[PDB]
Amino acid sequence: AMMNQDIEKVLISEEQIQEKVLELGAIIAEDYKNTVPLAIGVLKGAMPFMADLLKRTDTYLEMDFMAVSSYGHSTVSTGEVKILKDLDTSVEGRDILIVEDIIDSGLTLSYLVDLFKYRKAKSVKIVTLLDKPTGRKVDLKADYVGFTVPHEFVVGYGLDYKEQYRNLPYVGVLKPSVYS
């Protein structure tokens, strides 16, 4: 019983992830050299990428995190979600950088973006490791993108199937037999 045996194929190895993280980190450090931004991750999936990205971003910055959950029907259509943990600091006047593992529908993330704008953020940018424009249900594009990927359910490096596989150091596609 080993996780590797559940993966049909690899999409992005650890080597390529760390390479792209090094690239995005250096770009972000230069873009944010004249401000102390508030970098925000949405639990749970964004944590591994956010960890590796920010330690390749050589500039002063603060971290924070938010936890949200679905309301049921309203979340599936407008992205409105229940805030379980709000930010530990105010958004007003801050340059916000949202760090995400993947953008698929974009519903929830667009709700948070405009929420931070309602809270009078100085700016709101997005950096995502993976982008799936296929399943997009609102006009939302990330400012920084590590990889664009097909509409195929992947796992690893923060992305789960029923709360497991988040700890893989790579991203891959599960064998169809894994699903249940």
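Residue positions are given as counts along the sequence shown, with the first one as 1.
The PDB entry records a higher mean C-alpha B factor for 132-140 than for its counterpart among 132-140 and 50-58. In this crystal structure, the stretch out of 95-103 and 70-78 whose C-alpha atoms carry the higher mean B factor is 70-78. Sorting the modelled residues of the chain by their CA temperature factor places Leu168 in the lowest third. In the PDB entry, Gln18 places in the highest third of its chain by CA B-factor. Ranked by Cα temperature factor within the chain, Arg119 sits in the middle third according to the deposited record. When the modelled residues of the chain are ordered by their C-alpha B factor, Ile126 lands in the highest third.
In this PDB entry, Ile12 carries a Cα temperature factor that places it within the middle third of its chain's modelled residues.
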